[PDB]
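Next comes structure.txt, with compact mmCIF, C-alpha atoms and all ligand atoms.
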```txt
# COMPACT_ATOMS: atom_id res chain seq x y z
CA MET A 1 143.20 159.56 163.68
CA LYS A 2 142.17 162.33 161.28
CA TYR A 3 140.15 161.78 158.12
CA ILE A 4 140.97 164.30 155.38
CA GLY A 5 139.48 164.85 151.94
CA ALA A 6 137.41 167.05 149.64
CA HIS A 7 133.88 167.59 148.27
CA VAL A 8 134.44 165.68 145.01
CA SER A 9 132.24 165.36 141.94
CA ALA A 10 129.60 162.65 141.60
CA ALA A 11 129.45 163.15 137.80
CA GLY A 12 128.82 159.80 136.09
CA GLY A 13 127.38 158.26 139.23
CA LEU A 14 127.73 158.32 143.03
CA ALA A 15 130.42 155.59 143.00
CA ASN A 16 132.66 157.93 141.02
CA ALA A 17 132.86 160.20 144.09
CA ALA A 18 134.58 157.41 146.03
CA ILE A 19 136.87 156.74 143.03
CA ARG A 20 137.78 160.42 142.75
CA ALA A 21 138.49 160.63 146.49
CA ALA A 22 140.82 157.63 146.19
CA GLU A 23 142.66 159.23 143.26
CA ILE A 24 143.62 162.24 145.45
CA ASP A 25 144.58 159.95 148.40
CA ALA A 26 141.69 161.25 150.52
CA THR A 27 140.76 159.52 153.77
CA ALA A 28 137.37 161.28 153.87
CA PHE A 29 135.01 162.74 151.24
CA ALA A 30 131.85 164.78 150.66
CA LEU A 31 129.38 164.60 147.80
CA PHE A 32 125.88 165.60 146.69
CA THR A 33 123.60 162.56 146.30
CA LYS A 34 121.45 164.32 143.64
CA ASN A 35 121.39 167.44 141.47
CA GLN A 36 120.57 170.41 143.70
CA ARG A 37 117.81 172.02 141.64
CA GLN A 38 115.34 169.18 141.32
CA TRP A 39 112.73 169.17 143.99
CA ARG A 40 112.36 165.41 143.84
CA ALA A 41 115.14 163.24 142.38
CA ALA A 42 114.42 159.96 140.70
CA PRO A 43 114.69 157.23 143.37
CA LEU A 44 118.04 155.58 143.90
CA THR A 45 118.27 152.30 142.04
CA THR A 46 119.62 149.14 143.58
CA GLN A 47 122.38 149.26 140.94
CA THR A 48 123.52 152.78 142.00
CA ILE A 49 123.45 151.82 145.64
CA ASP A 50 125.51 148.68 145.16
CA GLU A 51 128.11 150.41 142.96
CA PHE A 52 128.49 153.16 145.60
CA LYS A 53 128.86 150.71 148.48
CA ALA A 54 131.27 148.55 146.49
CA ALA A 55 133.51 151.57 145.68
CA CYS A 56 133.47 152.78 149.28
CA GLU A 57 134.47 149.34 150.49
CA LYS A 58 137.22 149.00 147.79
CA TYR A 59 138.84 152.27 148.88
CA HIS A 60 138.27 152.01 152.67
CA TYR A 61 135.68 154.72 153.17
CA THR A 62 133.39 153.83 156.09
CA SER A 63 130.27 155.82 156.93
CA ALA A 64 132.20 157.72 159.59
CA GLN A 65 134.43 159.19 156.83
CA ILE A 66 131.73 160.50 154.45
CA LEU A 67 129.92 163.83 154.84
CA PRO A 68 127.22 164.30 152.18
CA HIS A 69 125.92 167.86 151.67
CA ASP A 70 122.23 168.60 151.05
CA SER A 71 120.96 170.88 148.29
CA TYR A 72 121.40 174.67 148.82
CA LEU A 73 117.74 175.22 147.80
CA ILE A 74 116.41 173.53 150.99
CA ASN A 75 115.31 176.11 153.56
CA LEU A 76 114.28 174.35 156.79
CA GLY A 77 113.30 177.69 158.33
CA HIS A 78 111.26 179.07 155.42
CA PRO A 79 108.69 181.61 156.61
CA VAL A 80 106.11 180.56 153.99
CA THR A 81 104.69 177.39 155.49
CA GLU A 82 103.86 175.82 152.14
CA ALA A 83 107.51 176.32 150.99
CA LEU A 84 108.72 175.03 154.36
CA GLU A 85 106.78 171.80 153.73
CA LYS A 86 108.39 171.37 150.31
CA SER A 87 111.86 171.90 151.87
CA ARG A 88 110.98 169.38 154.57
CA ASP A 89 109.91 166.91 151.91
CA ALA A 90 113.21 167.36 150.07
CA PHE A 91 115.25 167.06 153.30
CA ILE A 92 113.48 163.84 154.31
CA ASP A 93 114.23 162.53 150.79
CA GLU A 94 117.92 163.49 151.20
CA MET A 95 118.09 161.75 154.58
CA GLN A 96 116.47 158.63 153.08
CA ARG A 97 119.02 158.59 150.27
CA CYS A 98 121.75 158.67 152.92
CA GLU A 99 120.18 155.75 154.74
CA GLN A 100 119.89 153.75 151.53
CA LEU A 101 123.54 154.42 150.69
CA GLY A 102 124.78 153.30 154.10
CA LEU A 103 125.65 156.87 155.14
CA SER A 104 125.26 158.13 158.68
CA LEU A 105 125.71 161.92 158.41
CA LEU A 106 124.02 164.66 156.37
CA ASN A 107 125.45 168.23 156.39
CA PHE A 108 123.16 171.17 155.72
CA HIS A 109 122.95 174.96 156.18
CA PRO A 110 120.12 175.64 158.66
CA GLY A 111 117.84 178.16 156.87
CA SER A 112 116.88 181.73 156.20
CA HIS A 113 114.09 184.02 157.46
CA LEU A 114 113.70 186.12 154.27
CA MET A 115 112.94 189.15 156.51
CA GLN A 116 109.45 187.69 157.15
CA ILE A 117 109.88 186.05 160.55
CA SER A 118 112.02 186.62 163.64
CA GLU A 119 115.32 184.87 164.15
CA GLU A 120 113.79 182.99 167.08
CA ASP A 121 110.86 181.71 165.09
CA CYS A 122 113.11 180.66 162.10
CA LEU A 123 115.45 178.67 164.42
CA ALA A 124 112.43 176.96 165.99
CA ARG A 125 111.10 176.01 162.53
CA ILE A 126 114.53 174.51 161.70
CA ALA A 127 114.58 172.38 164.90
CA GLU A 128 111.07 171.12 164.05
CA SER A 129 112.20 170.29 160.51
CA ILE A 130 115.01 168.18 161.99
CA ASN A 131 112.59 166.44 164.36
CA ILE A 132 110.33 165.52 161.40
CA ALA A 133 113.18 164.08 159.42
CA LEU A 134 114.53 162.12 162.39
CA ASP A 135 111.05 160.63 162.99
CA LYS A 136 110.89 159.49 159.35
CA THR A 137 114.39 157.93 159.10
CA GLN A 138 116.90 155.84 161.09
CA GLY A 139 120.65 155.95 161.55
CA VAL A 140 121.38 159.37 160.01
CA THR A 141 122.59 162.35 162.04
CA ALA A 142 121.50 165.83 160.97
CA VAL A 143 124.77 167.84 160.88
CA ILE A 144 124.08 171.60 161.03
CA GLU A 145 126.79 173.66 159.25
CA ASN A 146 127.62 177.15 160.37
CA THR A 147 127.29 179.90 157.70
CA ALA A 148 128.82 183.19 156.62
CA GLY A 149 125.50 184.97 157.37
CA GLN A 150 124.84 186.35 153.89
CA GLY A 151 121.39 187.79 153.32
CA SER A 152 118.89 186.37 155.81
CA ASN A 153 120.79 183.10 156.37
CA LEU A 154 121.05 181.98 159.95
CA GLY A 155 123.70 179.79 161.51
CA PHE A 156 126.41 182.45 161.49
CA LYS A 157 126.51 182.65 165.30
CA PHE A 158 127.33 179.55 167.38
CA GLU A 159 124.34 180.48 169.57
CA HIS A 160 122.09 179.76 166.53
CA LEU A 161 123.41 176.21 166.34
CA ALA A 162 122.85 175.74 170.09
CA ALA A 163 119.27 177.08 169.82
CA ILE A 164 118.45 174.58 167.09
CA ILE A 165 119.97 171.69 169.07
CA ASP A 166 117.92 172.72 172.12
CA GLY A 167 114.74 172.20 170.08
CA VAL A 168 115.75 168.75 168.78
CA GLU A 169 114.15 165.87 170.68
CA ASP A 170 116.58 163.07 169.75
CA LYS A 171 119.85 164.86 170.40
CA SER A 172 121.77 161.66 169.61
CA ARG A 173 121.10 162.34 165.91
CA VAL A 174 121.98 166.04 165.72
CA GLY A 175 125.45 167.59 165.43
CA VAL A 176 127.40 170.41 163.83
CA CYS A 177 130.03 171.01 161.16
CA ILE A 178 132.30 174.08 161.39
CA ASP A 179 133.38 175.65 158.08
CA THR A 180 136.40 177.88 158.67
CA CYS A 181 135.60 180.29 155.82
CA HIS A 182 132.06 180.71 157.15
CA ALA A 183 133.31 181.32 160.71
CA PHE A 184 135.82 183.95 159.58
CA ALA A 185 133.28 185.71 157.34
CA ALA A 186 130.85 185.76 160.29
CA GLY A 187 133.44 187.45 162.57
CA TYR A 188 135.18 184.54 164.37
CA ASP A 189 138.90 185.21 163.84
CA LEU A 190 141.34 182.43 162.89
CA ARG A 191 144.46 184.33 161.72
CA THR A 192 146.67 183.37 164.69
CA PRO A 193 146.76 180.32 167.00
CA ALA A 194 145.53 182.51 169.90
CA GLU A 195 142.54 183.60 167.84
CA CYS A 196 141.79 180.00 166.87
CA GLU A 197 141.76 179.02 170.54
CA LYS A 198 139.48 181.99 171.37
CA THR A 199 137.03 181.00 168.59
CA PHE A 200 136.92 177.34 169.61
CA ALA A 201 136.51 178.17 173.33
CA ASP A 202 133.47 180.22 172.27
CA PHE A 203 132.26 177.17 170.33
CA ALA A 204 132.84 175.04 173.46
CA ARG A 205 130.83 177.39 175.73
CA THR A 206 127.91 177.72 173.36
CA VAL A 207 127.60 174.38 171.51
CA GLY A 208 130.19 171.98 172.91
CA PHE A 209 132.61 169.65 171.17
CA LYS A 210 130.37 166.66 171.94
CA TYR A 211 128.25 167.86 168.97
CA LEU A 212 131.14 168.30 166.48
CA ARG A 213 130.68 165.83 163.61
CA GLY A 214 132.66 167.40 160.73
CA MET A 215 134.76 170.30 159.53
CA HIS A 216 134.99 172.15 156.23
CA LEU A 217 138.57 173.40 155.75
CA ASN A 218 138.41 176.48 153.54
CA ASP A 219 140.50 179.65 153.34
CA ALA A 220 138.55 182.85 152.67
CA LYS A 221 138.53 185.24 149.74
CA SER A 222 136.15 187.42 151.63
CA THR A 223 137.30 189.51 154.53
CA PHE A 224 136.92 189.24 158.28
CA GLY A 225 133.34 189.81 159.41
CA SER A 226 132.19 190.54 155.83
CA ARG A 227 129.27 188.08 156.01
CA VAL A 228 130.14 187.04 152.41
CA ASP A 229 130.72 183.35 151.52
CA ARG A 230 133.72 183.18 149.14
CA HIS A 231 136.19 180.33 149.68
CA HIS A 232 139.91 180.24 148.78
CA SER A 233 142.64 177.55 148.56
CA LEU A 234 144.58 176.94 151.77
CA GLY A 235 147.07 179.72 152.52
CA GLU A 236 145.96 181.93 149.64
CA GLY A 237 143.12 183.75 151.38
CA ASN A 238 142.63 186.04 154.35
CA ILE A 239 142.83 183.31 157.00
CA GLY A 240 146.23 181.99 155.95
CA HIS A 241 147.93 178.71 156.60
CA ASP A 242 148.37 178.85 160.42
CA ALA A 243 144.73 178.04 161.25
CA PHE A 244 145.00 174.82 159.30
CA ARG A 245 148.24 173.77 161.02
CA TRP A 246 146.48 174.52 164.35
CA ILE A 247 143.45 172.36 163.48
CA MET A 248 145.64 169.48 162.26
CA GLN A 249 147.59 169.48 165.55
CA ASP A 250 144.51 169.52 167.85
CA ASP A 251 143.06 166.12 168.80
CA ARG A 252 139.55 167.51 169.19
CA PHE A 253 139.27 167.31 165.39
CA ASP A 254 139.95 163.53 165.24
CA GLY A 255 137.51 160.89 164.05
CA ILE A 256 135.37 163.13 161.85
CA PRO A 257 135.34 164.06 158.14
CA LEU A 258 137.63 167.08 157.47
CA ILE A 259 136.55 168.30 154.04
CA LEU A 260 138.16 170.78 151.62
CA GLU A 261 135.73 172.95 149.68
CA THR A 262 138.67 174.95 148.30
CA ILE A 263 138.35 176.46 144.84
CA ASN A 264 141.09 174.70 142.80
CA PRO A 265 140.47 170.96 142.51
CA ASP A 266 143.78 170.54 140.62
CA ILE A 267 145.66 171.03 143.90
CA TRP A 268 143.40 168.95 146.22
CA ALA A 269 145.86 166.03 146.39
CA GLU A 270 148.60 168.51 147.40
CA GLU A 271 146.31 170.24 149.93
CA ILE A 272 145.38 166.86 151.49
CA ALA A 273 149.06 165.85 151.67
CA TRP A 274 150.02 169.18 153.21
CA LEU A 275 147.26 168.88 155.84
CA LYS A 276 148.35 165.33 156.73
CA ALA A 277 151.97 166.53 157.12
CA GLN A 278 151.01 169.33 159.53
CA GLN A 279 149.88 166.82 162.13
CA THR A 280 153.51 166.05 162.97
CA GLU A 281 155.51 168.96 161.45
CA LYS A 282 156.66 171.96 163.53
CA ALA A 283 154.32 172.66 166.39
CA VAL A 284 152.29 176.01 166.38
CA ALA A 285 151.22 177.50 169.65
ZN ZN B 301 127.89 174.04 153.11
ZN ZN B 302 131.14 174.38 154.07
ZN ZN B 303 130.78 178.44 151.78
```
Could I get this structure in the form of C-alpha cells?
Ligand SMILES: [Zn+2]
Ligand SMILES: [Zn+2]
Ligand SMILES: [Zn+2]
Amino acid sequence: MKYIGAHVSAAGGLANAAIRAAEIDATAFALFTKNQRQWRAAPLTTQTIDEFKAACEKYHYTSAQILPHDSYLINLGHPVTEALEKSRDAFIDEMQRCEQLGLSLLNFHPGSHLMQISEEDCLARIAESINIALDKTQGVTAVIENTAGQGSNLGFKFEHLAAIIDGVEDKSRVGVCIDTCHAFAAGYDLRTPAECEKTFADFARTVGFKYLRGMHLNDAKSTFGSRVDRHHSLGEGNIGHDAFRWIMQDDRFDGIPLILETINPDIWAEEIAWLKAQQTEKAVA
C-alpha cells in the first residue's frame, strides 16, 4: 500500500493539519510542529496533544503515515560549536515534540559547513547530533532528507547520507527521505524511466532501500544539476510527469509517507488523486 499526501498547514493548531489532510483525501501528511524561527517553542500542552491525536485517529492517520519536518534554521553540522549546541537543543526539542504527539519519524536536512569546516568533519558533526538526540528520546527515527546542495548545504550526494548513517550508533532509528526536486537539482536525473532506475540503483548501492522512510514528490522549477531548490507542481517543471508515474508503480515506495511539497495547494487534492491513479494506469517502463 502507498500513503500519499502533502505538507499541509498547522495554522490554528496541530490538529488542523490532520483535518486539512482529510479534506484533500490524503492518506499521509507532513507538518511543522512549531513556528520555524523560534529557538525554543512553548511546550506542547496536554490539550494540543489530545486534539492532535483525536484528529489523527478520526481520519485514520497512524504514525507510519505522518512525516513531520524540522525547522530550516537547525544546522546539525554547524562549524561554530556554540551554534551547533543550540541547533542540537532545538533538534532534541523537535524530537521530543514528536514523541509527545505519538509520531515516530522526523524529517530534516542534514546541515551546512559555512565554508569553515571540511565536508568530512561536517558530516561527522551531523551523525553525532543524531546520536545525542537518539540518546535523549525514544521511539522516533531521525529521517535525513537529501538536498539540492545550495550554498554550503550537504546531503546533495547519496554518499553524504551513507556517511552520516555510518556514524550513527543506533541505526534502527536513522533513515532517509528522498525529495525528487532536490535529487534532480543535485544532478540525479529523473526525466525518463531509465534515468529513474539509474538514480535509484545509485541510491541502492550507496545507502540502500532498507533506510528509505519517506519521499517528497516535487517537480522542479530549477534545472538539472543547478543546485538550486525551487519546487514545481507535478508535470509543470523540468522533471515532468513520468518520474511520478514510475515511483507510483514501484513497490519499493510502499508503506512510507509520500509527501507533496508542490507550490499550488489549490490543486493538492487533484495531485493526490492523479498519483493514486498512476499505480494501476498504463504501465511505464
Ligand atoms: Zn525538506
Ligand atoms: Zn523535501
Ligand atoms: Zn526543497
Per residue of chain A within 7 Å of ligand ZN 301 (chain B), which atom pair is closest and at what distance in Å (one decimal), using only C-alpha atoms and all ligand atoms, listed by chain and increasing number, as CSV?
```
residue,atom,partner,partner_atom,distance
A:69,CA,B:ZN301,ZN,6.6
A:108,CA,B:ZN301,ZN,6.1
A:109,CA,B:ZN301,ZN,5.9
A:145,CA,B:ZN301,ZN,6.2
```
Residues proximal to (146.1, 171.0, 151.8) were defined as those with any atom within 9 Å of that point in the file's coordinates, counting all atoms listed in the file. Which are they, as number ranges by chain? A: 217, 233-235, 244, 260, 267-276
Nearest residue to residue 139 of chain A out of A:65, A:96, A:222, A:87, using only C-alpha atoms? A:96
What does the distance between atom CA of residue 41 of chain A and atom CA of residue 16 of chain A come to in Å, to one decimal place?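 Here the two named atoms are 18.4 Å from each other.
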Would you kindly return, as a PyMOL selection string, each protein, DNA or RNA residue with an atom no farther than 9 Å from any atom of residue 149 of chain A, considering all atoms listed in the file and excluding same-chain residues fewer than 6 positions away? chain A and resi 155-157+182+185-186+226-229
Using atom CA of residue 1 of chain A and atom CA of residue 251 of chain A as the two end points, give the distance in Å to one decimal.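 Computing the Euclidean distance for atom CA of residue 1 of chain A and atom CA of residue 251 of chain A yields 8.3 Å.
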